[PDB]
Amino acid sequence: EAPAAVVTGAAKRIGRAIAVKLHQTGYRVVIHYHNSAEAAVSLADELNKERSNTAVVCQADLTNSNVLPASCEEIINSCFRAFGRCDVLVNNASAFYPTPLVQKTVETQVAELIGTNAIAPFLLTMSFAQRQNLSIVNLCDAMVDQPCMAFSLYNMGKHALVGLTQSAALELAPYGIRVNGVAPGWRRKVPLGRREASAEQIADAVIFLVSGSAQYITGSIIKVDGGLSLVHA
Amino acid sequence: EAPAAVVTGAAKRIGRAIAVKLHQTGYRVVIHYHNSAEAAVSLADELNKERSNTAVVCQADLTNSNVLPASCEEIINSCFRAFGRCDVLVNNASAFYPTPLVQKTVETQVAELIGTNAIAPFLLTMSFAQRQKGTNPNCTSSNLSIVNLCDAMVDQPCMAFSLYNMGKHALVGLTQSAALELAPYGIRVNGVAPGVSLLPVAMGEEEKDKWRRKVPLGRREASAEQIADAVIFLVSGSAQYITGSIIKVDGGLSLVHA
Amino acid sequence: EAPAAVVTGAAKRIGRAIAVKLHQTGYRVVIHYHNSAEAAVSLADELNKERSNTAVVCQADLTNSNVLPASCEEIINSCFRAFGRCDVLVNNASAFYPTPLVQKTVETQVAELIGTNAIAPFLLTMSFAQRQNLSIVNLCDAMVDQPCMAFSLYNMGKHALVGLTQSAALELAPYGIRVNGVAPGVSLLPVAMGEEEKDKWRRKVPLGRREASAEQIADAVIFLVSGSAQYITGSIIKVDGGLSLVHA
Amino acid sequence: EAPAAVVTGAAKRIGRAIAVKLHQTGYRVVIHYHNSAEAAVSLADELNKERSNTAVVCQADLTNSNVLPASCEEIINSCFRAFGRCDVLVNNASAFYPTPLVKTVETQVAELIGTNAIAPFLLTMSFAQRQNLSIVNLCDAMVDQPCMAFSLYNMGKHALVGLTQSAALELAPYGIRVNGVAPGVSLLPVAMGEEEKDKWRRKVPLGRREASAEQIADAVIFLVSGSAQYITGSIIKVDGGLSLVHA
Ligand SMILES: NC(=O)c1ccc[n+]([C@@H]2O[C@H](COP(=O)([O-])OP(=O)(O)OC[C@H]3O[C@@H](n4cnc5c(N)ncnc54)[C@H](OP(=O)(O)O)[C@@H]3O)[C@@H](O)[C@H]2O)c1
Ligand SMILES: NC(=O)c1ccc[n+]([C@@H]2O[C@H](COP(=O)([O-])OP(=O)(O)OC[C@H]3O[C@@H](n4cnc5c(N)ncnc54)[C@H](OP(=O)(O)O)[C@@H]3O)[C@@H](O)[C@H]2O)c1
Ligand SMILES: NC(=O)c1ccc[n+]([C@@H]2O[C@H](COP(=O)([O-])OP(=O)(O)OC[C@H]3O[C@@H](n4cnc5c(N)ncnc54)[C@H](OP(=O)(O)O)[C@@H]3O)[C@@H](O)[C@H]2O)c1
Ligand SMILES: NC(=O)c1ccc[n+]([C@@H]2O[C@H](COP(=O)([O-])OP(=O)(O)OC[C@H]3O[C@@H](n4cnc5c(N)ncnc54)[C@H](OP(=O)(O)O)[C@@H]3O)[C@@H](O)[C@H]2O)c1
Ligand SMILES: COC(=O)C1CCN(C(=O)c2ccc(N(C)Cc3cnc4nc(N)nc(N)c4n3)cc2)CC1
Ligand SMILES: COC(=O)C1CCN(C(=O)c2ccc(N(C)Cc3cnc4nc(N)nc(N)c4n3)cc2)CC1
Ligand SMILES: COC(=O)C1CCN(C(=O)c2ccc(N(C)Cc3cnc4nc(N)nc(N)c4n3)cc2)CC1
């Protein structure tokens with residue numbers, strides 16, 4: 001039977017490119033969305049036209065709250081209901097905006113930036129593991145140690161996601177679940193800037209990590225940034 | 001006039017050693033505590049007996065909630081109310097317990113582990129920096145800094161401690177992000193990262209010795225004073241160009257392979 | 001035509017598996033060796049039996065010395081002589097043994113451990129770049145920051161190789177050359193190591209309690225040289241089963 | 001009795017400030033130098049005027065070669081001959097210049113890798129064999145965002161991080177701590193135009209200035225002190241936040 005994958009924030013941009021490549025590789029896909037229902041269904045339509053009944057959508061707000069654990073349980077359950085299995089979880093959904101230290105309430109910003117970027121991946125990881133070539137791929141940040149000015153909460157959530165990638169790789173290794181990261185990265189600064197950055201390049205690294213060609217790789221974060229993290233101020 | 005410091009979780013153990021050494025160095029100190037009221041008051045009493053009116057206590061829960069920003073503002077405000085200034089913030093308080101991925105509510109665990117280790121340090125950092133805006137300038141003798149208590153083992157985490165390790169990773173992120181953003185205000189932001197220091201009071205001696213035997217330098221845990229020494233260096237004039245640095249105080253533990 | 005690759009220390013073990021997988025992917029290969037002449041020639045024979053004129057051997061000592069630049073130049077020149085091009089360089093050859101701080105001359109140990117692990121990759125990188133989907137892959141070590149006791153010079157060499165990987169990625173990007181690393185943890189154990197000691201190392205690995213096969217290491221090299229990694233440069237991929245994440 | 005320290009490349013700039021601060025803390029010092037004899041002797045004379053018989057000089061080339069192990073043994077021996085003990089070794093001497101990928105290259109290898117990595121290793125060996133003991137290595141906070149065309153220098157500083165960690169592990173049972181101090185931008189070249197110096201200064205978040213040599217020395221003094229007794233294998237950045245700044 002065909003393996004199945006959940007991709008969060010899959011309606012647009014990087015998540016969409018990842019869902020497309022997984023589907024092209026032979027996966028059935030759950031396309032998670034929060035607000036982008038039209039785009040999520042448009043993508044499912046396109047994938048189902050290629051292979052009938054191989055793409056479904058799942059709505060969830062990934063902001064931290066009292067109901068986030070049940071929402072994340074539901075996303076994983078939707079994979080099992082549609083496809084009878086869940087082989088791959090891609091934690092792609094992300095919020096991104098500045099939160100200056102010196103001057104939405106700040107606690108709403110915490111619930112969004114830390115909740116979407118770190119807590120929902122944690123809850124999804126728990127639900128994926130509890131329900132069990134299995135693997136999880138977290139979308140990290142190549143610039144995590146040279147943060148953007150005034151992005152403290154965003155940077156904290158991306159740091160927490162490194163910690164989850166490493167902790168979950170160690171704890172889920174006995175279950176045969178690998179846990180890795182892809183870290184995307186102005187153009188004139190990128191060493192490989194002759195090539196334009198694309199969502200498909202990020203998806204290519206995800207496809208490698210979920211493949212049999214990465215069966216010994218766990219706890220690894222692959223930077224896909226054209227060399228930008230190497231460039232000094 | 002003597003400078004003033006806030007130390008979170010300062011009633012006992014490492015936070016107390018930090019408060020004691022700051023006080024011996026000449027600081028007035030706010031001893032924040034959550035549940036350890038008797039121990040906090042006992043410490044404040046000892047410090048005030050050494051020099052009158054140089055220590056106060058401040059009670060707060062640092063679990064995340066919609067009131068946490070007000071709590072953290074109030075901790076900083078307590079320093080200014082007692083002492084008229086706040087030169088140093090030490091983010092020491094920390095919840096620590098396992099949260100296995102495979103089997104309190106999990107949302108309570110998130111609020112405790114991520115709140116104490118990361119969100120409260122972030123809000124305290126916001127409040128510390130914001131309160132400096134009103135102060136008179138001291139362009140000649142000002143030495144403002146924040147020290148976060150990190151973990152030397154953050155990249156070799158303990159089994160089944162994902163939320164704890166996520167919170168400590170976020171604290172590294174805060175340390176570096178706040179160092180960049182607050183440098184223009186002359187506020188330095190650094191970390192001290194213990195490996196094995198004081199073992200839990202409830203841990204059996206056999207288990208404590210298992211941890212001690214891992215440490216290359218002396219096969220023993222760091223004393224609380226050894227952790228405090230690195231905090232004292234980072235707040236001192238001898239560290240005036242250091243910002244965004246995390247000093248491991250771990251006896252070589254993080255260098256040891258499986 | 002078919003692209004061409006140099007793999008150093010390719011007669012046996014991980015370098016052999018890399019040369020084989022590059023050849024299976026469509027590369028012509030230079031099999032570099034130092035002492036393993038019979039194994040190198042046998043491998044070239046096997047690869048040429050599959051596709052004629054797609055494999056050659058090249059012999060060189062990669063110990064540092066005043067002739068090392070000439071040797072490294074000649075390895076790259078051997079790829080151009082055989083195949084007319086050189087698209088990929090894999091720096092795999094490596095000396096590995098203890099050099100305790102407290103008690104071969106020590107200068108010979110320096111020349112061997114720092115030469116093979118760092119200086120030869122640097123000179124090979126210079127000659128590869130000068131002679132021009134181009135890329136270099138360096139075989140690093142996932143344990144570089146939790147080093148084996150009494151392996152100072154080896155560990156220094158591997159740290160220097162990380163610096164080279166990053167510095168050359170930065171400097172050679174304008175020429176379209178990507179430079180990345182693959183960092184094994186425990187892969188193929190030494191032939192001379194007893195079974196009990198091998199099992200000790202295997203038991204450390206979270207993912208499967210086993211060493212990486214040479215083929216698993218080669219799979220990461222194949223990815224990095226591929227069109228699916230064209231925006232990756234300066235990255236070191238650990239292939240370690242989670243070993244580097246395990247505390248004391 | 002007073003402890004003793006060897007500082008390499010101690011005639012000028014950061015090494016000089018280290019040697020002065022160690023001497024002010026109460027150490028007797030061996031001032032190693034390569035070409036700067038007049039400045040090394042001037043420093044020793046200044047320190048001996050302050051307290052008699054507390055400073056000597058030791059000349060050596062720290063380029064890698066057949067004779068480097070004997071040179072490094074002789075530097076450590078000079079401390080024992082003058083002062084009867086050697087408590088601290090500071091590996092500060094360093095060659096620094098570009099080596100573009102696209103002097104012979106093997107001379108550049110010998111100089112850049114010898115001064116930054118091989119000589120620290122051999123000095124570490126001789127220091128340990130001869131035994132609050134500690135070694136401090138002068139690292140580089142920018143080691144993972146290197147300057148364009150400085151591959152050999154960067155390789156040498158990466159190797160020095162590996163030495164700092166390997167030696168901390170191996171020498172811990174002997175009670176010898178091994179740590180690093182990693183400057184970002186500190187003293188710029190005297191000949192560098194102020195317009196270029198200002199380009200570097202403006203990069204630094206904390207004060208838009210370079211570190212003084214004395215600020216680097218303050219971190220060394222901490223690491224050799226009793227206040228760092230449990231610290232080994234640590235590298236302390238003294239960089240004003242520079243390493244945290246993205247391109
Ligand atoms: N773009 C880059 O260059 C870059 C750089 C570094 C890292 N990354 C990482 O790569 C991943 C994808 O990047 P991207 O630019 O494609 O992401 P993006 O478009 O900024 O957002 C990704 C998706 O996350 C979902 N999302 C946002 N807030 C949410 C919430 N509160 N609850 C539920 N879903 C929410 C959105 O889904 P709906 O639209 O359905 O609401 C959105 O489509 C992210 O993890 C990002 O951090 C990207
Ligand atoms: N001990 C070690 O070996 C070690 C190792 C690595 C890192 N560290 C770090 O070093 C620091 C000091 O360690 P430690 O062992 O001394 O810490 P600890 O005893 O475990 O905790 C310090 C204090 O944290 C306060 N705290 C806990 N939950 C709280 C909450 N919800 N609200 C407010 N305060 C709360 C407690 O205050 P009350 O007692 O008043 O309730 C407690 O006394 C911590 O950040 C720790 O993570 C320590
Ligand atoms: N095996 C592991 O578990 C492991 C772990 C971490 C990293 N690695 C890295 O992965 C790579 C492959 O490892 P491996 O175990 O397959 O390597 P290996 O068998 O120890 O050595 C590979 C080859 O290096 C060549 N070599 C040694 N000294 C040389 C010299 N002076 N001049 C020229 N060539 C020389 C030898 O060639 P001849 O046989 O032709 O003389 C040898 O066959 C190495 O870079 C290694 O550091 C391996
Ligand atoms: N300056 C900075 O901004 C900066 C930044 C990052 C890291 N660092 C590190 O901090 C340390 C001190 O920096 P610095 O700028 O003061 O260094 P420096 O002036 O460039 O060099 C220090 C001394 O190294 C000695 N040296 C050079 N080549 C030598 C050789 N072949 N043999 C023996 N000694 C040799 C020279 O001694 P003689 O003059 O006696 O010949 C020189 O005075 C160095 O390790 C450096 O890499 C400095
Ligand atoms: C249900 O509760 C449990 O299961 C306990 C048993 C498992 N624990 C440890 O393995 C463990 C591992 C390392 C430790 N330390 C090196 C000491 C220690 C002691 N107190 C601490 N307190 C805080 N806040 N943070 C720390 N990192 C910390 N660390 C301590 C305990 C502690 C929690
Ligand atoms: C002359 O004496 C020797 O060669 C020593 C090297 C092997 N020893 C090990 O403890 C040891 C530790 C870890 C090992 N591995 C994880 C396997 C391994 C096997 N071959 C290798 N080859 C190279 N080049 N580099 C490596 N990192 C490497 N690694 C192997 C041996 C002790 C004996
Ligand atoms: C052809 O020769 C050249 O092109 C020279 C001019 C180019 N250089 C610099 O731009 C440069 C960049 C940064 C610098 N610093 C941050 C100051 C500095 C000054 N002296 C040093 N000395 C050593 N040993 N190590 C250092 N890192 C060091 N660093 C200094 C010069 C140095 C070599």
Side-chain angles (χ1 to χ4, degrees), chain A residues 14 140-148 181-187 190-193 195-202 204-205 221-233, chain C residues 87-91 121-122 124-126 128-138 140 160-183 223-237, chain D residues 98-102 140-155 157-158 200 203 242-247:
Chain A
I14 289 166
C140 293
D141 170 2
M143 298 303 267
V144 78
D145 295 305
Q146 302 111 254
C148 286
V182 173
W186 276 121
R187 181 167 183 189
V190 177
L192 293 180
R195 183 155 325 255
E196 85 198 331
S198 80
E200 286 188 52
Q201 294 152 354
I202 305 307
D204 279 337
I221 297 165
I222 301 180
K223 292 180 289 165
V224 184
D225 74 346
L228 186 56
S229 66
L230 301 178
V231 182
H232 71 71
Chain C
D87 299 87
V88 165
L89 169 63
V90 183
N91 286 304
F122 162 83
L124 291 159
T125 292
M126 287 185 73
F128 178 94
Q130 192 70 39
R131 272 300 311 260
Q132 292 312 323
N133 188 8
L134 307 171
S135 82
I136 300 175
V137 181
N138 294 327
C140 291
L161 187 59
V162 174
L164 175 62
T165 301
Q166 294 176 161
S167 288
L170 185 74
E171 187 174 352
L172 300 181
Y175 301 91
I177 299 165
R178 300 181 297 99
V179 183
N180 293 292
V182 173
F223 169 69
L224 283 164
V225 302
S226 80
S228 302
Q230 286 189 289
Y231 205 62
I232 304 181
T233 197
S235 293
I236 299 169
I237 302 179
Chain D
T99 56
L101 291 170
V102 288
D140 188 329
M142 298 303 278
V143 77
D144 293 305
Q145 294 153 90
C147 280
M148 182 55 71
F150 279 77
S151 54
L152 281 171
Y153 168 78
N154 181 241
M155 286 170 66
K157 287 304 195 189
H158 266 271
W200 288 94
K203 292 179 198 295
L242 179 69
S243 63
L244 300 178
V245 181
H246 70 69

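Throughout, protein chains are lettered first and strands after them, A, B, ... in sequence-line order, and every chain is numbered starting at 1.
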Are [X] and [Y] packed together at the side-chain level, in the sense that at least one heavy-atom pair is separated by less than 4.5 angstrom?
X        : Y        : value
C:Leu224 : C:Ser135 : no
D:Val245 : D:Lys203 : no
D:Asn154 : D:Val143 : yes
D:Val102 : C:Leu172 : yes
A:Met143 : A:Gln146 : yes
D:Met155 : D:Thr99  : no
D:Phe150 : C:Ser167 : no

Spatial distance of atom [atom1] ([X]) from atom [atom2] ([Y]) [nearest 0.5 Å]:
X        : Y        : atom1 : atom2 : result
D:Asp140 : D:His158 : CG    : NE2   : 9.0 Å
C:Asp87  : C:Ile136 : CG    : CD1   : 12.0 Å
C:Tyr231 : A:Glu200 : OH    : CD    : 14.0 Å
C:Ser226 : C:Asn133 : OG    : CG    : 7.5 Å
A:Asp225 : C:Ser235 : CG    : OG    : 6.0 Å
C:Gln130 : D:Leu101 : CD    : CG    : 10.0 Å

How close do [X] and [Y] get, counting heavy atoms only, and between which atoms?
X        : Y        : answer
A:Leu230 : C:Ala169 : CD1-CB, 4.0 Å
A:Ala205 : C:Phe223 : CA-CZ, 4.1 Å
A:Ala142 : A:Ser229 : O-CB, 3.6 Å
A:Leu228 : A:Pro191 : N-CD, 3.7 Å
D:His246 : A:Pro147 : CD2-O, 3.7 Å
D:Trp200 : D:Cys147 : CH2-SG, 3.8 Å

I'd like to know if the side chain of A:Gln201 reaches the main chain of C:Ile232, judged simply by a donor and an acceptor atom lying under 3.5 Å from each other, with no hydrogens or angles considered.
no
Ignoring hydrogens and geometry, is there a side-chain-to-backbone donor-acceptor pair from C:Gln132 to C:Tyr175 under 3.5 Å?
no
Apply side-chain contact (heavy atoms from CB on, under 4.5 Å) to residues C:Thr125 and C:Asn91 and explain how you reach the verdict.
CA-CA 9 Å; C:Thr125 292; C:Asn91 286 304; 4.1 Å; yes
Partner of C:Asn138 under side-chain contact (heavy atoms from CB on, under 4.5 Å), picked from C:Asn180, C:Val179, C:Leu89, C:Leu124, is C:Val179
I'd like to know whether C:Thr165 forms a side-chain contact (heavy atoms from CB on, under 4.5 Å) with C:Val162, so could you lay out the CA-CA distance, the side-chain angles of the two residues, the decisive distance to 0.1 Å, and finally the verdict.
CA-CA 5 Å; C:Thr165 301; C:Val162 174; 5.6 Å; no
